[PDB]
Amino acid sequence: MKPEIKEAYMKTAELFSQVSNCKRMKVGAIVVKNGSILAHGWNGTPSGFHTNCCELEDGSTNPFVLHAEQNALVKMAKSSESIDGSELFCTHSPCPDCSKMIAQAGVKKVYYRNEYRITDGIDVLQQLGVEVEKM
């Protein structure tokens, strides 16, 4: 948990966030455990969806899209390693709904760089016993 190591991880989240394909906001989220990146998620439409555009015609977000934290945890369910006891490097502070599942997933600590508009997500993670660090 060396400051040089943690920076490389947060920079990895930022770098996978640049795949997002969304134009509103590009969000990334990786799962880190035992020196391994078990899942990297970013915001976008479901797999095999008829479009990878995240926006509607009024430029608002397609309700079908999944958050970064959503995709990361869903991917973990698809993987064969556990998410429990792992850490989470987000480019943005997570959504309150996502924070609910992140805590229930037994994630010990969530790292976020940028603060989203709304900040109740951080507040949910803390109530549910998950340590938070801004970097």
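Numbers for residues come from their place in the sequence shown, where the first is 1.
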Seminar exercise, completed: Entry B factor averaged over C-alpha atoms, 36-44 against 102-110: higher for 102-110
Seminar exercise, completed: The stretch carrying the higher mean Cα B factor in the deposited entry, 69-77 or 93-101, is 93-101
Problem set entry | Lowest, middle or highest third - CA B-factor, residue 10 | middle
Seminar exercise, completed: Of the three thirds of the chain ranked by Cα temperature factor, residue 87 occupies the lowest
